[PDB]
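Trainee: all I have is the shape, not the residue letters:
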């Protein structure tokens, strides 16, 4: 036999998918039929199929041409959101294994709230305070670090909670952020979007707080 | 004059007054002489001022056992600030004050006496920083997970002993070695508590201990993440890197605690490699 262990397992899964269509049955999820073998290998492959499923799990127009779906601005927009949701969740798992030694170890004690996780993530990745931070701290951590890694993990709510406890320090950023969390597609209104960009460009193009720049 | 030069009375022109006070401390401080030597009035003045800054501390017990501190923290801060401003004053005038710079037997013992006082000042500041660090944690928690002899030694530890006697230094080295252990259980931040102990109370902390603390950090946090599969092989592998660096300086008590944890995490082959490495670095010449 010329098929390696992995290849053979895939063949069997493709036989099922064929047996289903040959007997007229329900068209099963191919992506699921392939990830079934991935778990038998290292996670290098499992995390791939996870990306494949999430990048292909977009509302499509059945019985429509391939080129048309991929040219439509409608579909092209959802791809960006599905990827961002993968990069955010993927990073969220990196933040767990960074605090706890094993995913299992984190689970038994219970996944903490994205806020407390991020806080327990800042402890490690910045043990000493950087002298260039701005806008003070919040419960022992720089306010901008919390906002960034919360947005990076994809929990805008956890980030907005941080903002609510620093209303006086952050200035007008509150009304701007609260609009970003509300507006869909992660975009602000052109008027308000113009107000903040010009302010940042005005005197904050080079600020000593990198987290502030990023957000 | 020394006190005014250090800003005392200024809680009430002021630069010129402090500069005049400096001039009086230098010009009229006298000099050392053979009578066994008689040190200068400048030396006795420095000893008198320093003593009065710490008179409420010296003979007092550090702690009161629910353990707490004998001296309020706010008082320890002001005392430390006063000691540091005195030190800052001596450094900024190391070239103009007689006896600070190195220089016949009279001026010799004058230099030695002044040097000893300055070493006590930095030791006082380190000692105070250590006590403040201690009570920032949860001492009662640390005090519970402690042996009786060390509880008793801490019970009757005075500030004098902490500042000027080896047992205070040895006990201080035990407490720091214990607080970090506890800090890892809380697990807020290891590398911040590191840089805290590394610099301020240096000469009492050891850089080979913080790297060890960094190793025991990943070890305990590898036991925290123990349920996860792919996160440990980075924690345990990096803990192993940290241990092998301080191999020529690991205590048998730590090396054991490391191997004990490695076995819990089925990290057999790795733990063997650490012990073998610690061996070679204790005896390189074979």
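Mentor: Cool, the structure landed. Numbering: from 1, shown residues only, chains lettered A, B, ... in the order given.

Trainee: who's in contact with residue B:247?
Mentor: B:274, B:277, B:278, B:280, B:281, B:282 (C-beta atoms under 8 Å, 6 or more residues apart in numbering or on different chains). C-betas here are computed from N, CA, C, even on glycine.

Trainee: distance-wise, check it relative to residue A:37.
Mentor: Separation of residue B:247 from residue A:37 (C-beta to C-beta, to the nearest Å): 43 Å.

Trainee: next one: residue B:76
Mentor: Distance from residue B:76 to residue A:37, by C-beta to C-beta: 65 Å.

Trainee: now do residue B:145
Mentor: Distance from residue B:145 to residue A:37, by C-beta to C-beta: 49 Å.

Trainee: among these two, which residue is more densely surrounded?
Mentor: Of the pair residue B:145 and residue A:37, residue A:37 is the one with more neighbours under other C-beta atoms under 10 Å in any protein chain shown, namely 20 against 10.

Trainee: which non-adjacent residue is nearest that one?
Mentor: Of all residues not flanking residue A:37 in the chain, residue A:9 sits nearest, at 4.1 Å (C-beta to C-beta, 6 or more residues apart in numbering or on different chains).

Trainee: likewise residue A:120?
Mentor: Nearest to residue A:120 is residue A:99, by C-beta to C-beta, 6+ apart, at 5.0 Å.

Trainee: isn't that neighbour up against residue A:124?
Mentor: Yes - applying C-beta atoms under 8 Å, one finds residue A:99 in contact with residue A:124, separated by 6.8 Å.

Trainee: quick one, which of the two is more surrounded?
Mentor: residue A:99 (23 against 18).

Trainee: quick check, residue B:209 in contact with residue B:178.
Mentor: No - using C-beta under 8 Å, residue B:209 makes no contact with residue B:178, being 11.7 Å away.

Trainee: neighbour count winner among those two?
Mentor: Between residue B:209 and residue B:178, counting by other C-beta under 10 Å, residue B:209 is the more crowded of the two (20 against 17).

Trainee: so that one, which of the three states?
Mentor: helix (DSSP: H, G, I helix; E, B strand; the rest coil).

Trainee: name the secondary structure element that contains the closest residue in space to it that isn't next to it in sequence.
Mentor: Nearest non-adjacent residue to residue B:209, counting by C-beta to C-beta, 6+ apart: residue B:177, 6.8 Å away. Using DSSP states H and E, residue B:177 falls within helix B:166-186.

Trainee: centre of the chain versus that helix, how much separation?
Mentor: How far helix B:166-186 lies from its chain's middle: 11 Å, per C-alpha atoms, centre = their mean, to the nearest Å.

Trainee: my reading is that the residue nearest to residue A:37 lies in a helix. Confirm?
Mentor: Yes - counting by three-state DSSP, residue A:9 is located in a helix.

Trainee: pull out the buried residues from the helix or strand hosting residue B:279.
Mentor: Here residue B:279 sits within helix B:268-282, counting by DSSP H and E. Residues of helix B:268-282 classed as buried by neighbour count (16 or more other C-beta atoms under 10 Å in any protein chain shown): B:270, B:271, B:274, B:275, B:277, B:278.

Trainee: got TSV for those residues, with distance to residue B:93 too?
Mentor: Listed next are these as TSV, based on distance: C-beta to C-beta, whole Å:
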residue	distance to residue B:93
B:270	56
B:271	56
B:274	51
B:275	54
B:277	50
B:278	48
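
Trainee: quick check: residue A:26 touching residue A:17?
Mentor: No - counting by C-beta under 8 Å, residue A:26 does not reach residue A:17; the two are 10.9 Å apart.

Trainee: who has more neighbours, these two?
Mentor: residue A:17 (16 against 7).

Trainee: if I pick the more buried one, what's in contact with it?
Mentor: Listed by C-beta under 8 Å, 6+ apart, the contact set of residue A:17 reads A:28, A:30, A:33.

Trainee: same deal with residue B:4?
Mentor: Contact analysis of residue B:4 by C-beta under 8 Å, 6+ apart lists B:10, B:17, B:18, B:21.

Trainee: show me the strands in chain A, by range?
Mentor: Counting by DSSP state E, chain A has these strands, from start to end: A:137-138, A:141-142.

Trainee: for the spatially closest residue to residue B:60 that is not a sequence neighbour, give me its contacts.
Mentor: With sequence-adjacent residues excluded and distances taken as C-beta to C-beta, 6+ apart, residue B:60 is closest to residue B:70, at 5.2 Å. The contact partners of residue B:70, by C-beta under 8 Å, 6+ apart, come to B:60, B:61, B:62, B:63, B:64.

Trainee: isn't the first one right next to residue B:159, touching?
Mentor: Yes - with contact taken as C-beta under 8 Å, residue B:60 and residue B:159 are classed as touching, separated by 5.9 Å.

Trainee: looking at the two, which one has more neighbours?
Mentor: A count of neighbours by other C-beta under 10 Å puts residue B:159 above the other of residue B:60 and residue B:159, at 24 against 15.

Trainee: quick one: that one from residue B:90, how far?
Mentor: For residue B:159, the distance to residue B:90 (C-beta to C-beta) stands at 22 Å.

Trainee: am I right that residue B:59 is in a strand?
Mentor: No - counting by three-state DSSP, residue B:59 is not part of a strand but coil.

Trainee: doesn't residue B:158 make contact with it?
Mentor: Yes - assessed by C-beta under 8 Å, residue B:59 is found in contact with residue B:158 at 6.0 Å.

Trainee: which one's more surrounded, the two?
Mentor: residue B:158 (17 against 11).

Trainee: give me phi/psi at that one?
Mentor: In terms of degrees, to the nearest 10, the main-chain angles of residue B:158 are phi -100, psi 170.

Trainee: also residue A:126?
Mentor: According to degrees, to the nearest 10, residue A:126 has phi -150, psi 90.

Trainee: that one: neighbour count?
Mentor: 16.

Trainee: and residue B:198, what does it touch?
Mentor: B:205, B:207, B:210.

Trainee: quick one: the closest residue to the second one other than its chain neighbours from residue B:205, how far?
Mentor: For residue B:207, ignoring the flanking residues on the chain, the nearest one in space by C-beta to C-beta, 6+ apart is residue B:198 at 6.9 Å. Taken as C-beta to C-beta, the spacing of residue B:198 relative to residue B:205 amounts to 6 Å.

Trainee: kindly report the same for residue A:93.
Mentor: For residue A:93, the distance to residue B:205 - C-beta to C-beta - is 36 Å.
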